[PDB]
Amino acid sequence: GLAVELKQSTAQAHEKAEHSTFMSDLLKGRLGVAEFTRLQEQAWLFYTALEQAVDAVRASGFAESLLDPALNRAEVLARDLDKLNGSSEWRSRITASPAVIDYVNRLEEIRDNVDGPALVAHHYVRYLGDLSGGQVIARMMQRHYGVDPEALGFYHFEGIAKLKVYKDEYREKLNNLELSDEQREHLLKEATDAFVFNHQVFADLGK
């Protein structure tokens, strides 16, 4: 099944992502609200691009049931940033890091080429992450740094009642997605690329 193969093919990349110095220090309480805010600013950039690609692919008629609009984060994230930054000034202030430029470039290639299988790979890596370790991240931003949960809306999925149930549903959708042999190979390859982009985002954030 695709869901298992995806999890296995990306296991090494997941571990490397999880143990990046920036993410490691952030989660262990060794940084601060400021760094979490820098992370969320960069995320707003790549989620904006991700969700444009999602919009394109869904509109094209591919992976429709997987591409649940309830997952959209860009507007929720903008409200978090308004809270974290104390105004909407950040919008005209933020600059993409070199890793984010590469990530956004890939996502815009996917969008404009309407590369459905690639988009699914990117969707899995980000959204299943948010529904998973993202829950731990939100808890630890509050506990380590006193971030108000009003500024952690990113990690809350309105009108998803049960996260584990949702993820099992998601994995079943992956398993039933019709793919040619090369589309499947491409999806798997792109999933590891997606993890590597995130690794590079964290590396730039650590400096």
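So that the term is clear: the rigid core is the largest set of C-alpha atoms that superpose within 1.5 Å between two forms. Numbering starts at 1 and runs along the sequence shown.
Quiz prompt | Comparing 151-159 and 33-41 where Cα RMS over structures and residues is taken in 6 other deposited structures of this protein (core fit), larger one | solution = Most displaced of the pair in 6 other deposited structures of this protein: 151-159.
Quiz prompt | Comparing 130-138 and 116-124 where Cα RMS over structures and residues is taken in 6 other deposited structures of this protein (core fit), larger one | solution = When 130-138 and 116-124 are compared in 6 other deposited structures of this protein, 130-138 lies farther out.
Practice problem: With reference to the PDB entry, specify whether the mean Cα temperature factor is higher for 146-154 or for 161-169. | Solution: Between 161-169 and 146-154, it is 161-169 that shows the higher mean C-alpha B-factor.
Self-check item: Entry-level comparison of average CA B-factors, 46-54 and 171-179, reporting the higher stretch
Solution: According to the entry, 171-179 carries the higher average C-alpha B-factor.
Quiz item: Between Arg93, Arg79, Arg106, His122, which one tops the list for C-alpha B-factor in the PDB entry?
Solution: Largest recorded C-alpha B-factor: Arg93.
Quiz item: Considering only modelled residues of the same chain, in which third does the CA B-factor of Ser132 rank: lowest, middle or highest?
Solution: It belongs to the lowest third of the chain when residues are ordered by C-alpha B-factor.
Quiz item: Of the three thirds of its chain by CA temperature factor, lowest, middle or highest, which one includes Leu71?
Solution: Bottom third by C-alpha B-factor.
Self-check item: Cα B factor band for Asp115 (lowest, middle or highest third within the chain)
Solution: Bottom third by C-alpha B-factor.
Practice problem: Going by the recorded CA B-factors, say which third of the chain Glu18 sits in, lowest, middle or highest. | Solution: Tercile = highest for this residue's CA B-factor.
Quiz prompt | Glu64 CA temperature factor, ranked by third within the chain | solution = Answer is highest: the recorded C-alpha B-factor places it there.
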